[PDB]
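Chain residues, written in single-letter form:
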Amino acid sequence: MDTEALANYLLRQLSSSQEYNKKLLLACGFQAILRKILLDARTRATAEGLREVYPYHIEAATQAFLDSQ
Amino acid sequence: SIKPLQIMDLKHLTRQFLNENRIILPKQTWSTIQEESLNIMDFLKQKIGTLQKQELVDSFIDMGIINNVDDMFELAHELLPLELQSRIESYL
Amino acid sequence: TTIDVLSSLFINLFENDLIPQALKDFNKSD
Amino acid sequence: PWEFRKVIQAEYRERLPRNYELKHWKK
Amino acid sequence: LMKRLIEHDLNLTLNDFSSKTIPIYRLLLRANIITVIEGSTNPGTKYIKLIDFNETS
């Protein structure tokens with residue numbers, strides 16, 4: 001699934017070069033924020049210390065993300 | 001509800017991201033990221049209700065992802081296929 | 001994210017605008 | 001008095017968290 | 001900037017790259033020949049250089 005395919009997804013839920021660039025940048029933002037959520041999940045996984053990023057780590061990452069944004 | 005995005009698509013996207021930082025994900029973790037992607041998308045629609053270059057750089061700065069437009073097209077370079085980030089550079 | 005804005009606005013509308021509109025007209029028409 | 005948009009501009013700011021940035025308000 | 005990139009000097013820093021030449025650093029980023037060093041030593045004045053073509057491994 002391409003980053004421009006993520007832009008296509010955001011286009012499908014949202015609704016030509018200028019709009020193309022706008023939607024590509026929106027896809028960049030969505031991808032970066034997904035990466036941020038996963039990175040904060042890894043950070044929470046560091047606090048607990050077991051093998052892998054169990055689901056409540058992504059959960060806690062989302063609450064911290066909302067509490068800071 | 002038609003909003004959800006597939007778990008396999010998230011797997012394919014995050015596989016490349018694992019190389020920049022190796023996140024390892026059990027199953028229910030995949031299901032929770034898929035479920036909370038809906039909340040993330042709604043929160044983004046709140047944060048970004050309309051698309052503009054100044055608007056998107058300001059939104060991503062507010063998000064803490066970047067510090068300036070320089071960081072913004074650095075992110076675009078590291079997140080987009082080669083020709084595209086040049087196309088966006090023409091837009092900035 | 002806006003449920004008790006919606007209901008409060010509706011409830012606020014009725015006692016703030018509707019209720020006095022008929023009440024004053026009802027009082028006037030003796 | 002009738003216009004509810006002016007009321008909501010005050011309601012949302014107290015409603016949502018301060019760190020919940022109301023920089024952009026969707027239609 | 002070229003006589004410094006060719007020698008791969010670490011003094012190639014984005015604050016030394018003028019506003020007129022920061023786009024050239026962006027072009028080099030697109031080229032990806034530059035080792036994209038996320039310099040943690042010093043913020044803002046990030047040090048970036050080309051991968052040394054002379055280094056056999």
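Above this note sits the structure.
How each quantity is defined
- Residues numbered from 1 in each chain as written, not as in the entry; some residues may be left out.
- Chains lettered and ligands numbered in written order.
- Part of a larger assembly, values for the part shown.
- Heavy atoms only, no water.
- Helix = DSSP H or I, 4+ residues; strand = E, 2+ residues; numbered from the N terminus.
- Expected span 1.5 Å × (residues − 1).
- Buried < 20%, exposed > 50% of the residue type's maximum accessible area, 1.4 Å probe, protein only.
- Arc of directions from axis to C-beta.
- Contact = heavy atoms within 4.5 Å.
- Buried area = accessible area lost by both parts, 1.4 Å probe.
- Salt bridge = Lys/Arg side-chain N within 4 Å of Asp/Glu carboxyl O.

Asker: Now, about helix α3 (residues 55-68) of chain A: what can you tell me, with residues and values included?
Answerer: Counted at 1.5 Å a residue, the expected span for α3(A) with its 14 residues is 20 Å, and the 20 Å between its end C-alpha atoms agrees. Among the residues making up α3(A), those that are buried are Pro55(A), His57(A), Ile58(A), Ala61(A), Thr62(A) and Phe65(A). Along the axis of α3(A), the buried positions cluster into a sector of 160°, meaning they face one direction only. Opposite its buried face, α3(A) presents the exposed residues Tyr56(A) and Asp67(A), each directed more than 90 degrees away. In this structure, the buried side of α3(A) is in contact with α2 (17-48) of chain A together with α2 (27-47) of chain B.

Asker: For the interface of chain B and chain E, give the residues involved together with the corresponding values.
Answerer: If you look at the interface, chain B gives seven residues, while chain E gives six residues. Overall, the association of chain B and chain E removes approximately 670 Å² of surface from exposure, summing both partners, and the carbon and sulfur fraction of that is 59%. Of all residues in chain B, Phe73(B), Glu74(B) and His77(B) bury the most surface against chain E, accounting for 60% of the area lost on that side. Inspection of the region where chain B meets chain E yields one salt bridge.

Asker: Before we move on, can you summarise unusual backbone geometry with the specific residues and values?
Answerer: All names here are of chain E. Even without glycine at this site, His8 takes up a positive phi of about 65°. As for its position among the elements, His8 is in the loop between α1 (2-6) and α2 (22-31). Judged by relative accessible area, which is 9%, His8 ranks as buried. Despite not being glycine, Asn32 shows a phi value in the positive range, around 65°. Looking at where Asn32 falls in the secondary structure, it is placed in the loop between α2 and β1 (34-35). Judged by its relative accessible area of 46%, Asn32 is partly exposed.

The analysis is restricted to geometry; functional conclusions fall outside its scope.
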